[PDB]
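Listing of input35.txt, compact mmCIF, N, CA and C atoms
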```txt
# COMPACT_ATOMS: atom_id res chain seq x y z
N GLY A 1 42.93 41.00 66.55
CA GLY A 1 42.76 41.81 65.36
C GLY A 1 41.30 42.08 65.04
N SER A 2 40.49 41.03 65.07
CA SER A 2 39.07 41.16 64.78
C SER A 2 38.83 42.16 63.65
N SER A 3 39.67 42.09 62.62
CA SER A 3 39.56 42.98 61.47
C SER A 3 38.10 43.14 61.04
N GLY A 4 37.76 44.32 60.54
CA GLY A 4 36.40 44.57 60.09
C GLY A 4 36.31 44.78 58.59
N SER A 5 35.62 45.84 58.19
CA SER A 5 35.45 46.14 56.77
C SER A 5 36.72 46.76 56.19
N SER A 6 37.26 47.75 56.90
CA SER A 6 38.47 48.43 56.46
C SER A 6 38.48 48.60 54.94
N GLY A 7 37.34 48.98 54.39
CA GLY A 7 37.23 49.17 52.95
C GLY A 7 36.99 50.62 52.57
N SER A 8 37.84 51.15 51.69
CA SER A 8 37.72 52.53 51.25
C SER A 8 36.74 52.65 50.09
N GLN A 9 35.73 53.50 50.26
CA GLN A 9 34.73 53.71 49.23
C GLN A 9 34.14 55.11 49.31
N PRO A 10 33.69 55.64 48.16
CA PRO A 10 33.09 56.98 48.08
C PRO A 10 31.73 57.04 48.76
N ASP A 11 31.71 57.52 50.00
CA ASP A 11 30.47 57.64 50.76
C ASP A 11 29.52 58.62 50.08
N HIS A 12 28.26 58.62 50.52
CA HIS A 12 27.25 59.51 49.96
C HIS A 12 26.58 60.32 51.06
N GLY A 13 26.22 59.65 52.15
CA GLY A 13 25.57 60.33 53.26
C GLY A 13 26.28 60.11 54.58
N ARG A 14 26.34 58.86 55.02
CA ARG A 14 26.99 58.51 56.27
C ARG A 14 28.50 58.73 56.18
N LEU A 15 28.94 59.94 56.53
CA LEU A 15 30.35 60.28 56.49
C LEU A 15 31.08 59.77 57.73
N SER A 16 32.36 60.11 57.85
CA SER A 16 33.16 59.68 58.99
C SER A 16 34.16 60.77 59.38
N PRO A 17 34.67 60.67 60.62
CA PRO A 17 35.64 61.64 61.15
C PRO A 17 37.00 61.53 60.47
N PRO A 18 37.88 62.51 60.73
CA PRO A 18 39.22 62.54 60.15
C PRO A 18 40.13 61.46 60.72
N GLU A 19 41.13 61.06 59.94
CA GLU A 19 42.06 60.02 60.36
C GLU A 19 43.35 60.64 60.91
N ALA A 20 44.16 59.82 61.56
CA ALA A 20 45.42 60.28 62.13
C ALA A 20 46.37 60.78 61.03
N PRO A 21 46.79 62.04 61.16
CA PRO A 21 47.70 62.67 60.19
C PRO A 21 49.11 62.08 60.26
N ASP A 22 49.91 62.34 59.22
CA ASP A 22 51.27 61.84 59.16
C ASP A 22 52.02 62.16 60.45
N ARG A 23 53.26 61.68 60.55
CA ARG A 23 54.08 61.91 61.73
C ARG A 23 54.72 63.29 61.68
N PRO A 24 54.46 64.10 62.72
CA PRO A 24 55.00 65.46 62.82
C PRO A 24 56.51 65.47 63.06
N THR A 25 57.19 66.44 62.47
CA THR A 25 58.63 66.57 62.62
C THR A 25 58.99 67.53 63.75
N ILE A 26 60.26 67.52 64.15
CA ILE A 26 60.73 68.39 65.22
C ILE A 26 61.92 69.22 64.77
N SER A 27 61.81 70.54 64.93
CA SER A 27 62.87 71.45 64.53
C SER A 27 63.21 72.42 65.66
N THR A 28 64.40 73.01 65.59
CA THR A 28 64.84 73.95 66.61
C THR A 28 64.24 75.33 66.38
N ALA A 29 63.24 75.67 67.19
CA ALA A 29 62.57 76.97 67.08
C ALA A 29 62.98 77.89 68.23
N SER A 30 63.11 77.32 69.42
CA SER A 30 63.49 78.09 70.60
C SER A 30 63.93 77.17 71.74
N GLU A 31 64.37 77.77 72.84
CA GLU A 31 64.82 77.01 74.00
C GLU A 31 63.63 76.53 74.83
N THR A 32 62.48 77.14 74.61
CA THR A 32 61.27 76.78 75.34
C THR A 32 60.20 76.24 74.40
N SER A 33 60.49 76.25 73.10
CA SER A 33 59.56 75.77 72.10
C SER A 33 60.29 75.05 70.97
N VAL A 34 59.53 74.47 70.05
CA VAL A 34 60.10 73.76 68.92
C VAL A 34 59.17 73.79 67.71
N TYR A 35 59.75 73.86 66.52
CA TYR A 35 58.97 73.90 65.29
C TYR A 35 58.49 72.50 64.90
N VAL A 36 57.18 72.34 64.81
CA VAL A 36 56.58 71.06 64.45
C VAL A 36 55.82 71.16 63.14
N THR A 37 56.08 70.23 62.23
CA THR A 37 55.42 70.21 60.93
C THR A 37 54.83 68.84 60.63
N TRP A 38 53.52 68.79 60.43
CA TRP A 38 52.83 67.54 60.14
C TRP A 38 52.18 67.58 58.76
N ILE A 39 51.68 66.44 58.31
CA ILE A 39 51.03 66.35 57.01
C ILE A 39 49.74 65.53 57.09
N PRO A 40 48.60 66.23 57.01
CA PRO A 40 47.28 65.59 57.07
C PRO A 40 46.98 64.75 55.82
N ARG A 41 46.30 63.63 56.02
CA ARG A 41 45.95 62.75 54.91
C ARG A 41 44.44 62.73 54.68
N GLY A 42 43.71 62.14 55.62
CA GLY A 42 42.27 62.06 55.50
C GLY A 42 41.56 63.04 56.41
N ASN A 43 40.42 63.56 55.96
CA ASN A 43 39.65 64.51 56.75
C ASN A 43 38.28 63.93 57.12
N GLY A 44 38.08 62.65 56.81
CA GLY A 44 36.82 62.01 57.11
C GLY A 44 35.74 62.34 56.09
N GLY A 45 36.11 63.11 55.08
CA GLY A 45 35.15 63.49 54.06
C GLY A 45 34.78 64.96 54.12
N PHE A 46 34.90 65.55 55.30
CA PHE A 46 34.57 66.96 55.49
C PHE A 46 35.84 67.79 55.67
N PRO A 47 35.71 69.11 55.47
CA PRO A 47 36.84 70.04 55.60
C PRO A 47 37.29 70.20 57.05
N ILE A 48 38.55 69.85 57.31
CA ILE A 48 39.10 69.95 58.65
C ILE A 48 38.81 71.32 59.27
N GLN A 49 38.41 71.32 60.53
CA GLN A 49 38.10 72.56 61.23
C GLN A 49 39.32 73.08 61.99
N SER A 50 39.95 72.20 62.76
CA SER A 50 41.13 72.57 63.53
C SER A 50 41.95 71.33 63.91
N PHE A 51 43.22 71.55 64.21
CA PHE A 51 44.11 70.45 64.58
C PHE A 51 44.45 70.50 66.06
N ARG A 52 45.15 69.48 66.54
CA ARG A 52 45.53 69.41 67.95
C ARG A 52 46.91 68.78 68.10
N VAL A 53 47.79 69.46 68.83
CA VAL A 53 49.15 68.96 69.06
C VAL A 53 49.36 68.60 70.52
N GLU A 54 49.74 67.35 70.77
CA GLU A 54 49.98 66.87 72.13
C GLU A 54 51.38 66.29 72.26
N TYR A 55 51.89 66.25 73.49
CA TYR A 55 53.22 65.71 73.75
C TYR A 55 53.20 64.75 74.93
N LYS A 56 54.34 64.12 75.20
CA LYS A 56 54.45 63.18 76.30
C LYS A 56 55.85 63.22 76.91
N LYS A 57 55.91 63.27 78.24
CA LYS A 57 57.18 63.31 78.94
C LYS A 57 57.74 61.90 79.14
N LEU A 58 58.93 61.67 78.61
CA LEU A 58 59.58 60.36 78.73
C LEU A 58 60.29 60.23 80.08
N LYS A 59 61.16 61.19 80.38
CA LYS A 59 61.91 61.19 81.63
C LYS A 59 60.96 61.26 82.82
N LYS A 60 59.86 61.98 82.66
CA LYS A 60 58.87 62.13 83.72
C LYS A 60 57.60 61.36 83.39
N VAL A 61 57.04 60.70 84.40
CA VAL A 61 55.82 59.92 84.22
C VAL A 61 54.60 60.83 84.08
N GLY A 62 53.79 60.57 83.07
CA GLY A 62 52.60 61.38 82.84
C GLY A 62 52.04 61.21 81.44
N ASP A 63 50.74 60.93 81.36
CA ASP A 63 50.08 60.74 80.07
C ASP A 63 50.37 61.91 79.14
N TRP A 64 49.81 61.85 77.93
CA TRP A 64 50.01 62.90 76.95
C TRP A 64 49.35 64.20 77.40
N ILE A 65 49.97 65.33 77.05
CA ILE A 65 49.44 66.63 77.42
C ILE A 65 49.04 67.43 76.19
N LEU A 66 48.36 68.56 76.41
CA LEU A 66 47.93 69.42 75.32
C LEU A 66 48.81 70.65 75.21
N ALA A 67 49.47 70.80 74.06
CA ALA A 67 50.35 71.94 73.82
C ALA A 67 49.57 73.12 73.25
N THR A 68 49.16 72.99 71.99
CA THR A 68 48.41 74.05 71.32
C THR A 68 47.08 73.53 70.79
N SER A 69 46.32 74.41 70.15
CA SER A 69 45.03 74.05 69.60
C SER A 69 44.43 75.20 68.80
N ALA A 70 43.30 74.94 68.15
CA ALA A 70 42.62 75.96 67.35
C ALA A 70 43.45 76.34 66.13
N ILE A 71 44.24 75.39 65.63
CA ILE A 71 45.08 75.64 64.47
C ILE A 71 44.28 75.51 63.18
N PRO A 72 44.53 76.43 62.23
CA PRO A 72 43.85 76.44 60.94
C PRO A 72 44.27 75.27 60.05
N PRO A 73 43.42 74.92 59.08
CA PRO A 73 43.68 73.83 58.14
C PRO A 73 44.81 74.15 57.17
N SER A 74 45.09 75.44 57.01
CA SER A 74 46.14 75.89 56.11
C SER A 74 47.50 75.87 56.80
N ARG A 75 47.48 75.78 58.12
CA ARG A 75 48.71 75.75 58.90
C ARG A 75 49.09 74.32 59.27
N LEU A 76 50.05 73.76 58.53
CA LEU A 76 50.50 72.39 58.78
C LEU A 76 51.78 72.38 59.61
N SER A 77 52.17 73.56 60.10
CA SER A 77 53.37 73.68 60.91
C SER A 77 53.24 74.83 61.91
N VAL A 78 53.58 74.56 63.16
CA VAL A 78 53.49 75.57 64.21
C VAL A 78 54.59 75.38 65.25
N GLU A 79 54.82 76.41 66.06
CA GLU A 79 55.85 76.35 67.10
C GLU A 79 55.24 76.01 68.45
N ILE A 80 55.53 74.81 68.95
CA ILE A 80 55.01 74.37 70.24
C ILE A 80 55.79 74.99 71.39
N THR A 81 55.21 76.02 72.01
CA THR A 81 55.86 76.70 73.12
C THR A 81 55.31 76.20 74.46
N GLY A 82 56.03 76.50 75.53
CA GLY A 82 55.60 76.08 76.85
C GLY A 82 56.15 74.72 77.24
N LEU A 83 57.39 74.45 76.84
CA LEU A 83 58.04 73.18 77.15
C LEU A 83 59.07 73.35 78.26
N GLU A 84 59.55 72.23 78.79
CA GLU A 84 60.54 72.25 79.85
C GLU A 84 61.88 71.70 79.37
N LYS A 85 62.93 72.49 79.54
CA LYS A 85 64.27 72.08 79.12
C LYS A 85 64.74 70.87 79.92
N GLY A 86 65.66 70.10 79.33
CA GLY A 86 66.18 68.92 80.00
C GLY A 86 65.14 67.83 80.16
N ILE A 87 64.00 68.00 79.49
CA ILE A 87 62.92 67.03 79.55
C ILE A 87 62.57 66.50 78.17
N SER A 88 62.94 65.25 77.90
CA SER A 88 62.67 64.63 76.61
C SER A 88 61.18 64.30 76.47
N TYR A 89 60.65 64.51 75.28
CA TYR A 89 59.24 64.24 75.01
C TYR A 89 58.98 64.17 73.51
N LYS A 90 57.82 63.62 73.14
CA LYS A 90 57.44 63.50 71.74
C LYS A 90 56.30 64.44 71.40
N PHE A 91 55.80 64.34 70.17
CA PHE A 91 54.70 65.19 69.73
C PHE A 91 53.78 64.43 68.77
N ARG A 92 52.55 64.92 68.63
CA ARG A 92 51.58 64.29 67.75
C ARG A 92 50.60 65.32 67.19
N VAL A 93 49.73 64.88 66.28
CA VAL A 93 48.75 65.76 65.67
C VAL A 93 47.40 65.07 65.53
N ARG A 94 46.33 65.82 65.75
CA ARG A 94 44.98 65.28 65.65
C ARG A 94 44.08 66.20 64.83
N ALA A 95 43.19 65.60 64.04
CA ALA A 95 42.27 66.37 63.21
C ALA A 95 40.87 66.38 63.80
N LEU A 96 40.30 67.57 63.93
CA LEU A 96 38.96 67.72 64.49
C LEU A 96 38.03 68.42 63.50
N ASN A 97 36.98 67.73 63.08
CA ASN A 97 36.02 68.29 62.14
C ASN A 97 34.61 68.26 62.72
N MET A 98 33.63 68.63 61.90
CA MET A 98 32.24 68.64 62.33
C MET A 98 31.73 67.23 62.60
N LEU A 99 32.59 66.24 62.35
CA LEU A 99 32.23 64.84 62.55
C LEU A 99 32.88 64.30 63.82
N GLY A 100 34.01 64.89 64.20
CA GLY A 100 34.71 64.45 65.40
C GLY A 100 36.21 64.62 65.28
N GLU A 101 36.95 63.98 66.18
CA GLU A 101 38.41 64.07 66.18
C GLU A 101 39.02 62.83 65.54
N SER A 102 40.25 62.96 65.06
CA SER A 102 40.95 61.85 64.42
C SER A 102 41.81 61.10 65.43
N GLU A 103 42.42 60.01 64.99
CA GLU A 103 43.26 59.20 65.85
C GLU A 103 44.59 59.90 66.12
N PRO A 104 45.27 59.49 67.21
CA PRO A 104 46.56 60.06 67.60
C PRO A 104 47.68 59.68 66.64
N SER A 105 48.12 60.65 65.85
CA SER A 105 49.19 60.42 64.88
C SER A 105 50.39 59.77 65.55
N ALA A 106 51.16 59.02 64.77
CA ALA A 106 52.34 58.34 65.28
C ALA A 106 53.21 59.29 66.09
N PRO A 107 53.74 58.80 67.22
CA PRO A 107 54.60 59.59 68.10
C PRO A 107 55.96 59.88 67.48
N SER A 108 56.15 61.11 67.03
CA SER A 108 57.41 61.51 66.41
C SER A 108 58.60 61.14 67.30
N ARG A 109 59.80 61.30 66.77
CA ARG A 109 61.01 60.98 67.51
C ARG A 109 61.14 61.87 68.74
N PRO A 110 61.79 61.34 69.79
CA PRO A 110 62.00 62.07 71.05
C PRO A 110 62.98 63.23 70.89
N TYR A 111 62.51 64.44 71.19
CA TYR A 111 63.35 65.63 71.08
C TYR A 111 63.66 66.20 72.46
N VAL A 112 64.94 66.27 72.79
CA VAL A 112 65.37 66.80 74.08
C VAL A 112 65.65 68.29 74.00
N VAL A 113 64.72 69.09 74.51
CA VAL A 113 64.86 70.54 74.49
C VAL A 113 65.95 71.00 75.45
N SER A 114 67.09 71.41 74.89
CA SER A 114 68.21 71.87 75.70
C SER A 114 68.27 73.39 75.73
N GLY A 115 68.24 74.01 74.55
CA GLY A 115 68.29 75.45 74.46
C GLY A 115 67.90 75.96 73.08
N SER A 116 68.47 77.10 72.70
CA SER A 116 68.17 77.70 71.40
C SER A 116 69.10 77.14 70.32
N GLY A 117 69.29 75.83 70.34
CA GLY A 117 70.15 75.19 69.36
C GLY A 117 71.53 75.82 69.30
N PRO A 118 72.17 75.74 68.13
CA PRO A 118 73.51 76.30 67.92
C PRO A 118 73.51 77.83 67.92
N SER A 119 74.62 78.42 67.50
CA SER A 119 74.75 79.87 67.46
C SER A 119 75.39 80.32 66.15
N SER A 120 75.37 81.63 65.92
CA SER A 120 75.95 82.19 64.70
C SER A 120 77.41 82.59 64.92
N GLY A 121 77.69 83.16 66.08
CA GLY A 121 79.04 83.58 66.40
C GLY A 121 79.09 84.69 67.43
```

What would you get if you wrote out this structure as structure tokens?
Amino acid sequence: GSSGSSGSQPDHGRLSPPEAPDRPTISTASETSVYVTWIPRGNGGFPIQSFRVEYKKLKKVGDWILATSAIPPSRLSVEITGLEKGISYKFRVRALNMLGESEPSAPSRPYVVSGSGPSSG
């Protein structure tokens, strides 16, 4: 553990980078993409510049990959396209500011992209 200061206080000069945002959700957006919605908490003191969404293949071996990027601070939800059907994987969110990038948000639940969800009729 080697715990450190871990103390929250109103900085004045020496600021810090953004922290890992809440856990992103998974919704049915398409057969090749999915609607992801996250909730940012800390920005390190400065205004978030852009976010980062990454995923990981469970059925297939391979570290986390990069889905999208260059997302605005006002956009807390986007459609992650470019996925492979029949391949289970998770998603995450990262905050990048003029100070640096944030930690890897908790790995949301595993979503198995099968198709365009249900139908109307």

Restrict the calculation to only N, CA and C atoms, then for each residue of segment 77-104 of chain A with any atom at most 7 Å from an atom of segment 49-73 of chain A give the closest atom pair and their distance in Å to one decimal, rows by chain and rising residue number, as CSV.
```
residue,atom,partner,partner_atom,distance
A:80,CA,A:68,N,6.3
A:81,N,A:67,C,6.5
A:87,C,A:59,N,5.9
A:88,C,A:58,N,4.1
A:89,CA,A:56,C,4.0
A:90,N,A:56,N,4.1
A:91,CA,A:55,CA,4.3
A:92,N,A:54,C,4.1
A:93,CA,A:52,C,4.3
A:94,N,A:52,C,3.8
A:95,CA,A:51,CA,4.7
A:96,N,A:50,C,4.1
A:97,CA,A:49,N,4.2
A:98,N,A:49,N,5.7
```

Practice prompt. Determine which residues of chain A receive a DSSP assignment of strand (DSSP E), computed from the backbone, and state them as a PyMOL selection string.
Written response: chain A and resi 25-28+33-37+50-57+65-71+77-81+88-97+100-101+111-112

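Using only N, CA and C atoms for every distance, the candidate list A:48, A:11, A:86, A:32 yields A:48 as the residue closest to residue 74 of chain A.
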
Worksheet item: Separation of atom N of residue 99 of chain A and atom N of residue 26 of chain A, in Å?
Response: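 Distance between the two atoms: 27.8 Å.
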
Discussion item. Could you tell me how far atom CA of residue 3 of chain A sits from atom N of residue 102 of chain A, in Å to one decimal place?
Written reply: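 Value for the atom N of residue 102 of chain A-atom CA of residue 3 of chain A distance: 20.3 Å.
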
Item to complete: Rounded to one decimal place, report the atom C of residue 33 of chain A-atom C of residue 121 of chain A distance in Å.
Response: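 Separating atom C of residue 33 of chain A from atom C of residue 121 of chain A is a distance of 21.4 Å.
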